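Chain identifiers are assigned alphabetically (A, B, ...) following the order of the sequence lines, protein sequences preceding nucleic acid strands; residue numbering begins at 1 within each chain. The analysis underlying the following values was restricted to heavy atoms, covering all of them including side chains, and did not include hydrogens, waters or symmetry mates.
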Amino acid sequence: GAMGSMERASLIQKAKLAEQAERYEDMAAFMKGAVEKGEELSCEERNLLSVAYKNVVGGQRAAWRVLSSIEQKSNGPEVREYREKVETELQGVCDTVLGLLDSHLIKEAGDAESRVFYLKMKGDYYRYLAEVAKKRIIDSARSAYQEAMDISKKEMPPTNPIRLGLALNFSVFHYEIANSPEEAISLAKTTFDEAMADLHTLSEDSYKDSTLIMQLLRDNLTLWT
Amino acid sequence: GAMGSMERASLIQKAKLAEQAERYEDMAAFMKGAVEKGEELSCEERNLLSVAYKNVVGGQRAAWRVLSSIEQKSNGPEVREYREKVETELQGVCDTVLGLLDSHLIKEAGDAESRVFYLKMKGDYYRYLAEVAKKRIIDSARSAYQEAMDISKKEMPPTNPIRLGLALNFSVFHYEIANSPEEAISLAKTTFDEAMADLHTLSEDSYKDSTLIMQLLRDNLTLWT
Amino acid sequence: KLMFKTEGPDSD
Amino acid sequence: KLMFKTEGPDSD
Ligand SMILES: Cc1sc(C(=N)N)cc1-c1ccccc1
Ligand SMILES: Cc1sc(C(=N)N)cc1-c1ccccc1
Ligand SMILES: Cc1sc(C(=N)N)cc1-c1ccccc1
Ligand SMILES: Cc1sc(C(=N)N)cc1-c1ccccc1
Ligand SMILES: [Cl-]
Ligand SMILES: [Cl-]
Ligand SMILES: [Mg+2]
Ligand SMILES: [Mg+2]
Ligand SMILES: [Mg+2]
Ligand SMILES: [Mg+2]
């Protein structure tokens, strides 16, 4: 596309500049162009990809919720039309991310740290599609998260931040999307407890990384119990 | 353009929804389409136009400053290229606003409240062009603000919030753009004092509106003295 | 809507 | 850069 003529390294550099400038649409477009160079992404580059699209879809989700709420309360065509406009834009972003994962980030990801990361993203962006959808979208989210969980439990320690963030998101999928609040609560507790028992093996910096995400599991359990 | 097929009233309704959703690019596009219907704007509609574009250009200005600062410190082509990209987008937004004012909002604005409002905007968007530029752009800002000031001093009381906001912005133009800090300080003080002396004529709600902007003049004087 | 904690930027 | 107060939304 329009980033085809820019060097991979220049795209990565500009993604980091756009992050500093809080220009997340640009950041996402730079990272899409880097992915489309066809090379695998490093850990830092995967994180740039995810942060970029998470910020873009987050603005869309927030706006969609405002509009959906106004629409529900109002129940002219304008509120429905504009909610649909934002909804379609959100679906388009989700489709773009899923497209990058399917062509060809996941199939070329052999290491656990990269394969789990991408499968988690796949679960997340189908979850964002499910928020606005439906049964098949939910099963697509579930399937991606489950594959990621199975790999993470065999190949990563229970304190691994990627594993922790995956379990966090899968628990929210259970609570809100799958209407399985007991599964959500069970997952959050087991994940928290198995991480707690492994903190003693960590350096100070790794301890900080793992406990930050453990605090998110705790925040959810507090809202859920 | 792409809003040509939508009703004026639907564009205004959708601008207000977009504001609630914090979707300011959409808000600006809806208001541009309403302006391009060719009818004059009400006070509320002028405010929707200004708030929309102020939010869009504000994000651009903030990003431009981050990038300019990185570029100055760095002094590859990437930082310069990306600062230029954001700069061009900012100029494009300024050119779009100035285009709406020139075709044909200002020439059809006969009442003081509407003519001052538009001339203030003209000053503001040339000021935003000046921030990134140059002598002719600065004189264009100065000229628009001066015409607005002359009308406001003849036709509006000194507590009028439009008059106050104009003087506030013209004072910042003097301080930062025209390198006339003494003129800036003099203007802020005289405007503040003449408003103070007229507050006794106001209702509680009008008093609140006027003192809010007077506090901004005071904030600037505090930074400047 | 009440939004629960998920990984990464809290951008919505 | 130090930014001074101007009218309306403080959007930068
Ligand atoms: C974990 C994150 S998040 C991030 C960002 N730019 N937000 C960058 C990184 C990272 C990862 C591995 C090595 C160097 C940096
Ligand atoms: C963080 C953990 S672990 C755990 C357990 N009972 N295994 C429970 C909690 C928790 C439960 C509710 C509210 C806040 C925290
Ligand atoms: C002063 C503002 S600001 C604003 C906004 N939507 N931000 C709307 C209005 C307004 C003006 C006159 C009459 C009704 C409303
Ligand atoms: C608000 C006003 S009015 C005025 C005057 N000397 N006429 C001075 C100030 C002020 C000056 C510096 C810092 C804070 C406020
Ligand atoms: Cl629409
Ligand atoms: Cl660029
Ligand atoms: Mg739809
Ligand atoms: Mg139970
Ligand atoms: Mg230039
Ligand atoms: Mg002096």
Side-chain angles (χ1 to χ4, degrees), chain A residues 21-25 55 59 62-63 66, chain B residues 11-12 14-32 34-35 41-66 86 89-98 100-101 105 113-114 116-132 141 144-145 148 160-173 175-177 208-220 223, chain C residues 11, chain D:
Chain A
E22 295 178 29
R23 290 274 295 196
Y24 297 111
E25 290 182 37
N55 273 277
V66 172
Chain B
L11 288 165
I12 294 303
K14 289 186 189 178
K16 292 170 186 179
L17 290 172
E19 184 177 31
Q20 287 181 266
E22 295 178 29
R23 290 274 295 196
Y24 297 111
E25 290 182 37
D26 293 342
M27 192 187 178
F30 292 138
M31 291 311 302
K32 174 174 190 289
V35 169
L41 306 198
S42 67
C43 176
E44 177 163 17
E45 298 164 352
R46 293 189 296 272
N47 279 275
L48 289 166
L49 177 65
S50 177
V51 164
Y53 279 108
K54 182 77 187 312
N55 273 277
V56 172
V57 86
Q60 302 177 304
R61 288 164 78 204
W64 185 95
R65 295 194 304 270
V66 172
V86 169
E89 285 185 31
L90 186 156
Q91 296 166 322
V93 169
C94 293
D95 292 341
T96 291
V97 175
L98 295 174
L100 297 167
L101 298 168
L105 287 173
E113 289 60 34
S114 68
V116 176
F117 189 99
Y118 294 134
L119 290 164
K120 179 190 159 293
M121 289 183 75
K122 185 174 179 165
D124 289 342
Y125 284 85
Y126 276 116
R127 172 159 59 90
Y128 305 149
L129 287 174
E131 282 181 344
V132 307
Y145 284 135
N160 182 282
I162 304 170
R163 178 171 170 178
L164 290 181
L166 163 66
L168 176 73
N169 289 13
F170 196 18
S171 75
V172 172
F173 166 84
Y175 193 88
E176 316 205 283
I177 311 296
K208 284 181 272 167
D209 294 336
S210 300
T211 56
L212 183 105
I213 302 168
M214 287 168 73
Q215 181 62 52
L216 300 177
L217 294 158
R218 187 192 288 259
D219 296 334
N220 284 345
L223 297 164
Chain C
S11 50
Chain D
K1 183 192 167 288
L2 260 68
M3 298 306 291
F4 302 115
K5 299 302 183 73
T6 50
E7 187 277 323
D10 196 347
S11 50
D12 61 336

*How about B/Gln91 and B/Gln60: do any of their side-chain heavy atoms sit closer than 4.5 Å?*
no
*Kindly give the heavy-atom pair with the smallest separation between B/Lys54 and D/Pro9, and that separation in Å.*
NZ-O, 2.7 Å
_Would you compute the distance between atom OG1 of B/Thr211 and atom CZ of B/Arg218 and round it to the nearest 0.5 angstrom?_
10.5 Å
_Rounded to the nearest 0.5 Å, what separates atom CG in D/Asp10 from atom CE in D/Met3?_
9.0 Å
*asked:* Set out, in order, the CA-CA distance, both residues' side-chain angles and the distance that settles side chain to side chain contact (heavy atoms under 4.5 Å, CB included) for B/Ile177 and B/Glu131, then state yes or no.
replied: CA-CA 7 Å; B/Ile177 311 296; B/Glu131 282 181 344; 4.0 Å; yes
_Salt bridge D/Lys1-B/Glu176, side-chain N to carboxylate O under 4.0 Å_ = yes
*Could you tell me whether the side chain of B/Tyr118 reaches within less than 4.5 Å of the side chain of B/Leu41, counting heavy atoms only?*
yes
*Non-hydrogen side-chain atoms of B/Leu49 and B/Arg46 separated by less than 4.5 Å*: no
*Who passes side chain to side chain donor-acceptor pair (under 3.5 Å) against B/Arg65, sequence neighbours left out?*
D/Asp12
*asked:* How long is the straight-line distance from OH of B/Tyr128 back to CG of B/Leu90, given to the nearest 0.5 Å?
replied: 10.0 Å
*Mind checking ring-ring contact (aromatic ring centres under 6.0 Å, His included) for A/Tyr24 and listing every partner two or more places apart, or none if nothing turns up?*
none
_Once side-chain contact (heavy atoms from CB on, under 4.5 Å) is applied, do any residues pair with D/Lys5, and if so which ones, sequence neighbours excluded?_
B/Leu216, B/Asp219, B/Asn220
*Heavy-atom pair of closest approach, residues B/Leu11 and B/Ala34*: CD1-N, 3.7 Å
*Quick one: are B/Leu105 and B/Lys122 in side-chain contact, heavy atoms under 4.5 Å?*
no
*Results of ring-ring contact (aromatic ring centres under 6.0 Å, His included) for B/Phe173 - residues two or more places apart only*: B/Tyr145, B/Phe170
Return a table of donor-acceptor pairs under 3.5 angstrom between the side chains of residues 16-23 of chain B and protein atoms on other chains or two or more places apart.
from    : atom 1 : to      : atom 2 : distance (Å)
B/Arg23 : NE     : B/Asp26 : OD2    : 2.9
B/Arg23 : NH2    : A/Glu89 : OE1    : 3.0
B/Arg23 : NH2    : B/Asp26 : OD2    : 2.9

_Tell me every residue that passes side-chain contact (heavy atoms from CB on, under 4.5 Å) with B/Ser50, counting only those two or more places apart in sequence or in another chain._
B/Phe117, B/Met121
*Could I get the full list of side chain to side chain donor-acceptor pair (under 3.5 Å) partners for B/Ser42, not counting sequence neighbours?*
B/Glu45
*Decide yes or no for B/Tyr53 and B/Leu100: does some side-chain heavy atom of the first lie under 4.5 Å from some side-chain heavy atom of the second?*
yes
*Quick one: pull up CG in B/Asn55 and CE in B/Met27 and give me the separation to the nearest 0.5 Å.*
7.5 Å
*From B/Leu217 CG over to B/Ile213 CD1, what is the distance, rounded to the nearest 0.5 angstrom?*
8.5 Å
*Is there side-chain contact between B/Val57 and B/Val97, with at least one heavy-atom pair below 4.5 Å?*
no
*asked:* If the condition is side chain to side chain donor-acceptor pair (under 3.5 Å), which residues does B/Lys120 pass it with, not counting sequence neighbours?
replied: B/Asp124, D/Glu7
